[PDB]
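K.L.:
task: produce atomic coordinates for the following.
(chains A, B, C, D and E)
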Amino acid sequence: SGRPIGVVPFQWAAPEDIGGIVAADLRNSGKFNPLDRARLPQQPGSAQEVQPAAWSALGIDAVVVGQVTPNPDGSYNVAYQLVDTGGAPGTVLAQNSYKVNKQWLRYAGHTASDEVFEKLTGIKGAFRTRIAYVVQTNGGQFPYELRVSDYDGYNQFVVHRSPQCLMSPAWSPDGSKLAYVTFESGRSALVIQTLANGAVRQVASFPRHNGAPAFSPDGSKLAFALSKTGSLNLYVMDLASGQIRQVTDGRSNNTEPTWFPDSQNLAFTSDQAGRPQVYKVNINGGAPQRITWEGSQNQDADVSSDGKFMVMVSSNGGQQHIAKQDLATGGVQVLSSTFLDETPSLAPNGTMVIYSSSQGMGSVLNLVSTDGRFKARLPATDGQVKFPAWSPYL
Amino acid sequence: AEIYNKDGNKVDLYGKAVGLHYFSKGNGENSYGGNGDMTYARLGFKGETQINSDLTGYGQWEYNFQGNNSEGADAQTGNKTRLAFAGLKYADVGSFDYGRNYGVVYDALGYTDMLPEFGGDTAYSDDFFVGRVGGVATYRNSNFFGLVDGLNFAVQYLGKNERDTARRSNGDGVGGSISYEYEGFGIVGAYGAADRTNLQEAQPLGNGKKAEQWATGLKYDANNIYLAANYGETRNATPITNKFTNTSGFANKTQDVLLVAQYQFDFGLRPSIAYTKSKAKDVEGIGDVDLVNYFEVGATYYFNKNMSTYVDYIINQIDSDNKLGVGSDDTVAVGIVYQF
Amino acid sequence: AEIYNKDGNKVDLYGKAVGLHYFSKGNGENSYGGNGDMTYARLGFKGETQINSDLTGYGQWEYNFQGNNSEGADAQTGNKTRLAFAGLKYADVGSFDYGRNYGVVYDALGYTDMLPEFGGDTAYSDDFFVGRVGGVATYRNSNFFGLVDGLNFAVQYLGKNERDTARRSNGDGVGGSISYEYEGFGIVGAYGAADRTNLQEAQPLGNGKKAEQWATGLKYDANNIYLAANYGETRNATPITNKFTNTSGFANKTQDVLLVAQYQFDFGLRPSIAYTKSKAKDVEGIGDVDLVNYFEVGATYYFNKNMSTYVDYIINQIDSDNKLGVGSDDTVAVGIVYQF
Amino acid sequence: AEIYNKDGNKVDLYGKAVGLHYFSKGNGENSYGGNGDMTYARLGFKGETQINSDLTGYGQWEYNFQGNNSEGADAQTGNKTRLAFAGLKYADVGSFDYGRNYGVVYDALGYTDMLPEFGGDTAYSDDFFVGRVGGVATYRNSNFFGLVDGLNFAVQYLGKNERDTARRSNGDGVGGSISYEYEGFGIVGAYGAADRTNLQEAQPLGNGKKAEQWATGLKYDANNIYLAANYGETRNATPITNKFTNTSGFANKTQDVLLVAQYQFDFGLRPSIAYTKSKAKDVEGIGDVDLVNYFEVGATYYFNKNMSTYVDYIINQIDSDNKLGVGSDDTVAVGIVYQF
Amino acid sequence: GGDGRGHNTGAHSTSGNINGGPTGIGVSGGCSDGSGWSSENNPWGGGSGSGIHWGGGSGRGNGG
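P.N.:
Numbering: from 1, shown residues only, chains lettered A, B, ... in the order given. Sure, structure below:
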């Protein structure tokens, strides 16, 4: 399902397949169904060349065409136009053109992807965003790498190598830093590393476990979990002052905090009621309220950017899967169907979830659209991949 | 088979069972090999671990248990530990090991020792350098520090062993061996020299202290073919026994010549041919005599790597009047083998 | 347990440990079984490989190590290799093996040898066809080429073995055995004949050359129950020792009767009962006498396949005045077993 | 290494190979330890199975094979089975095992026996409670049913063993041991008592029936450090031999003192020092004498868990005039080890 | 006979080991949630030492 759309190969072998990137982007959202290349009624190289009747016959009311041309300085011009083939046939609804170096051809494609999607949905595009994750390679000395890549698995790079565990990265709202757990010192610590220069800020090294950092959406605070009290509980640091306040206090285990859009409430996982469930608490007035009553288990939550829903790992009758819970009704919809579904992270527009599974025996991340309509494997890495985290808008 | 390959450590348990029988005219006293049931099972373990990228350590051990024996007092007869050693492999300089292992000269004598059952009689065990012995320290170089491909050399020191019998005893010894393999062709040369202990001198046969062995080997193996020719000479090193006198000792001088030609087929078949000869000289009271002089004609069907069958017919050319009570009778052997 | 199952090859290392003890009045000279600690561990490996769809090859070996011995000179006492053979199983025609294995007559005698520790006394080891011996070549047919289900037969040739003692020696022999299993019931009949060596004839007891054994077995096994009755007769085959004369040899004639009845429970329990008797006739100077005459009463708890405990009380009915110094005392045994 | 972990059952094959050598002045008759190559390989299997959540059963067996021996009649010399037992561990009440295992007193004497090759001389084998013996039934409690952490106790019964030699024989015995480990520190106390057999009493040396052993141990191990001090006293328990008289027996009284101090480094190194002493009293015709009195100075480099090298220099302080023909010479040993 | 088959001269080695590390080969994760099972669980181990001790110590009582 999804809205059918025509994505035509771009006018030029070309250094990169931009039309294929646009099709893949629109498809990954769940909101679009780019027409199979083998069933395109034509390959117009321009809006004038578009024959609307031939697309409307197939139920397509819009067509993406474009051009890639080489520049004398070795850069490339990438341009796209979106042509109405429905109620206003032949009208151009949107278009753009821009110059990129070969290594930014995908970004040029991603640029086109962002605007057409928004034109057709009114939703800001998230195809130029990034994911962070931890890769275990087969190297001996530094088996742990914190890496970042494009959402679709291309353009991978290494951000830091470490001989010890990293987990649960979280982006600053400006996209400039990653928080993470490091054992480089010999025990657990929470640190914030600035990506642009690789500088590492040390955040916390309390007794026992230091884990599960999260940046507030407004950028002022860092939430995380300490078990110094005897069990895991949530704490918040004011990043400007460095002062830490305690939010939860109890014998239960409390971890995996996520921020609500208001930068004042957290969702988190608790065993206070026995099996894991998701709770909500204000970072000031502390008294957790259970919000999950369907199924038998819910955990590892991430609240949407409008706060209207959340995604999480839910267990109902033996099966653990990525699920979505509407926060004002209790209606639960299962999104994923893979095995060992873990560590979900939402795109900044709430339209896609990246997560880890048994796919590739751990070596592959998966995407699932939050409408449930699209699922895919990311390109395989050379190691075990865990703890994905979808960047904010970039 | 590799049973454990984890934690940068790998263990390969390798063991086999052999249902074997020897036939020959008569009771088998004079038969080359013998007669009857010779079934036996061997068990062993090899292990490696890469301590560093450029440094790894390995340990290997093998034991042989014979099944032909009865359950009475003779149950343990023929049961022993063949190999038990360890060592480390550096990246390029080479590798150094210590324990109970084959002597350098065995490296040269390996080319001829390709027969299914018989063969390698000259490579006696617990002998100075020809067979597997305990108390050796060996250094080995592969491709001369990686300088020249296919040319490798080894050096070996032999700690003295004072045992009850001169047959099993020795003293301080040294030896070396070099092997160049090029384009299928192979050449080798090994030399070993050691001093005989007082117990050894006490033997009626044999004279002198310097027990010396050396050997040269040539071969070509490829395209399902294997040719080999080892010529070795020794002084006061080879054991000899006289049934008429019921007295033993060593040979003042010995020359040995071995030749093998085996073909292999795609359908798990390998006919083999081997000529052999050994003449001892300056024997005390026996002058010069031939210890072994025979032809081989045999074959082996290889069902797979883990299953095989074989046969060997030994045409013993030794005469009955031989001056050492040696078996002057032909022989044959038929064997079946499972091995993991 | 299966340690290697790859490349159409499978290896099953099977081994166990048994903490055992024997009790009886007195030191245990006159006790049926003995007295003291009888802890022992057995190790063995079985291996198969499907060479072709219709042809597979197998090799099996087992050894027994005794723990009752000390660390001094007697460490190896009682340590031996029980089974060591190989062979191939064709699809339907049958299977043929060779090595050190049980004799065809053991196939019949298996029904009675279901006891925890004692039992199968008639199936002595290194005896002609009743127990496990070295130098046998056996062919077996399953379901008569797959024609008739449950009816299977085996044939066995026994190469002569000239050992130091008449107890462990034999000569050329042949034998056969057939077993028909129908609806849980089981029937078997086995016969073996061989020639005694000169050492055997030279023994004071025993007379004649054709050493003959044969046996018939019946059983019903189902519903956690196992009934069995084996009657076997032999000539110049069973070994016998006279403490009064301190002389051994063979029995001109022997009849043996074995009866077993064992029940099994869901909760890892298996009570057992066994009657046994053996009468020798035409003994040189002793007429007819009873070698063994006893009842069994025992039990076994099966914690799981890998763990078990058991007990057995042997009511020896043999009298002290028996003319062969046989033990006229009762006995008991208690054992615990771990096995992988 | 763990080779089979399935069906709630787990098997750990553990084995190692050791290329070893002993140096000393002279042939090595008078050397503390000896002289020459002492390479040996040990193989063993451990097995567990959780029958229930609160009840599991285990079986373990170990054997040692020596490589220093030749391939002749002496191949099996020094080859033996060290441990072979089984038993079950309940959740909290405790655990009960039986077989061939270390005596309770070994628990106390374990603190000193941390040396690479030498050490634990007082803990003789096939001795009443100090070393590994066959026919023991042991019960053990960990942390006193989980009541008090770090405090565990064990009790052991020893079935009588009537062997050919008093050195390897024993009788009914009992023993107990308690060990409290707190925050790294450790304290232990063990006591054992048994009756000597007629052969032991019949020995020229030794007098009395009650063979008694007991020991107390203290230690601290942490921060890559290990300090230990065991003091044990025994009556008619320690074996003793007189070369001048070439006669053996047991010691009417014996005091033994052991002290160990070893440091460990992050880079796979562990230097060691050990003092030791044993004085026998009320010896028949020799009054009181010192059996062993020496210093240790040694080290061990750990390449990894599976590979290691080590050296040990034993400063034997025993004088030549010792009244038992004891070796009054120093000694040294150098070893290399692979282990899976 | 048959000893020559295989039996490489020179140094002795067969194939690549599964993992790099001499003593530390596993899969991944450190910082532990104490859960014993989750994605933030480090050990990924169980049935640690269920079996009883078997003569702890070197055990070389006298000497080979």
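K.L.:
flag every residue of the stretch 151-300 of chain B that's near chain D.
P.N.:
B:159, B:161-165, B:167-168 (C-beta under 8 Å from any C-beta of the partner chain). To be clear about C-beta, it is placed using only N, CA and C from the backbone, and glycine gets the same treatment.
K.L.:
if we use 7 Å, what do you get?
P.N.:
When proximity is defined as C-beta under 7 Å from any C-beta of the partner chain, the stretch 151-300 of chain B approaches chain D at B:159, B:163, B:165, B:168.
K.L.:
contacts only, for the residue of chain B at minimum distance from chain C.
P.N.:
When scored by C-beta to the nearest C-beta, chain B has residue B:338 as its residue closest to chain C, at 2.7 Å. For residue B:338, the residues meeting the contact criterion (C-beta atoms under 7 Å, 6 or more residues apart in numbering or on different chains) are B:16-17, B:306-307, C:47, C:57, C:59, C:86.
K.L.:
need those residues in a markdown table with distance to chain E, neighbour count and secondary structure, can you?
P.N.:
Below are those laid out as a markdown table (distance: C-beta to the nearest C-beta, whole Å; neighbours: other C-beta atoms under 10 Å in any protein chain shown; DSSP: H, G, I helix; E, B strand; the rest coil):
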| residue | distance to chain E | neighbour count | secondary structure |
| --- | --- | --- | --- |
| B:16 | 10 | 20 | strand |
| B:17 | 14 | 30 | strand |
| B:306 | 13 | 24 | coil |
| B:307 | 14 | 26 | strand |
| C:47 | 18 | 25 | strand |
| C:57 | 17 | 24 | strand |
| C:59 | 16 | 30 | strand |
| C:86 | 15 | 28 | strand |
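K.L.:
show me which of those residues is closest to residue A:8.
P.N.:
residue B:306 (59.5 Å; C-beta to C-beta).
K.L.:
right, and the closest one touches residue C:50 too?
P.N.:
No: using C-beta atoms under 7 Å, residue B:306 is not in contact with residue C:50, being 10.7 Å away.
K.L.:
follow-up on the earlier one: widest-spaced pair of the contacts of residue B:338?
P.N.:
Among the contacts of residue B:338, the pair separated by the greatest distance (C-beta to C-beta) is B:16 and C:57, at 12.3 Å.
K.L.:
count of neighbours near the closest residue to residue B:329 other than its chain neighbours?
P.N.:
For residue B:329, ignoring the flanking residues on the chain, the nearest one in space by C-beta to C-beta, 6 or more residues apart in numbering or on different chains is residue B:30 at 4.2 Å. If you count neighbours by other C-beta atoms under 10 Å in any protein chain shown, residue B:30 ends up with 21.
K.L.:
do you know how far residue B:30 is from residue B:322?
P.N.:
Residue B:30 is 10 Å from residue B:322, where distance means C-beta to C-beta, to the nearest Å.
K.L.:
then residue B:175?
P.N.:
31 Å.
K.L.:
residue A:293 too?
P.N.:
100 Å.
K.L.:
does residue A:164 touch residue A:183 like I think?
P.N.:
Yes: between residue A:164 and residue A:183 there is a contact under C-beta under 7 Å: 3.3 Å.
K.L.:
what residues do the two have in common as contacts?
P.N.:
Common neighbours of residue A:164 and residue A:183, using C-beta under 7 Å, 6+ apart, are residue E:30.
K.L.:
which SSE is residue B:175 in?
P.N.:
strand B:173-182 (DSSP states H and E).
K.L.:
so how far is that strand from its chain's centroid?
P.N.:
Its chain's C-alpha centre and that of strand B:173-182 lie 16 Å apart, by C-alpha atoms, centre = their mean, to the nearest Å.
K.L.:
what about that strand and chain E, any contact?
P.N.:
Yes: judged by C-beta under 7 Å from any C-beta, strand B:173-182 and chain E are in contact via residue B:179.
K.L.:
for the stretch 201-340 of chain B, what lies in contact range of chain C?
P.N.:
So the stretch 201-340 of chain B meets chain C at B:303-304, B:306-307, B:336, B:338, B:340 (C-beta under 7 Å from any C-beta).
K.L.:
interface residues of chain E facing chain D?
P.N.:
Within chain E, the positions near chain D by C-beta under 7 Å from any C-beta are E:22-23, E:47, E:50-52, E:54-64.
K.L.:
buried members of those into ChimeraX, please.
P.N.:
Buried subset of the residues of chain E next to chain D, written as a ChimeraX selection, criterion 16 or more other C-beta atoms under 10 Å in any protein chain shown:
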select /E:22,23,51,52,54,55,57,58,59,60,61,63,64
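K.L.:
settle it for me: which of residue B:175 and residue B:322 has more neighbours?
P.N.:
More neighbours surround residue B:175 than the other of residue B:175 and residue B:322, with 24 against 16 (other C-beta under 10 Å).
K.L.:
domain-wise, how is chain A divided?
P.N.:
A:1-128, A:129-394 (CATH domains of a matching chain).
K.L.:
go through those and name the closest to chain E.
P.N.:
Closest among those, using C-beta to the nearest C-beta: domain A:129-394, at 2.4 Å.
K.L.:
circling back to that earlier point, between the residues of the stretch 151-300 of chain B next to chain D, which has the most around it?
P.N.:
Ranked by neighbours (other C-beta under 10 Å), those are led by residue B:168, which has 21 neighbours.
K.L.:
hmm, residue D:69 and that one touching each other?
P.N.:
No: the criterion here is C-beta under 7 Å, and residue B:168 misses it with residue D:69 at 9.4 Å.
K.L.:
re the thing from before, where's the residue of chain B closest to chain C, which helix or strand?
P.N.:
Applying DSSP H and E as the criterion places residue B:338 in strand B:331-339.
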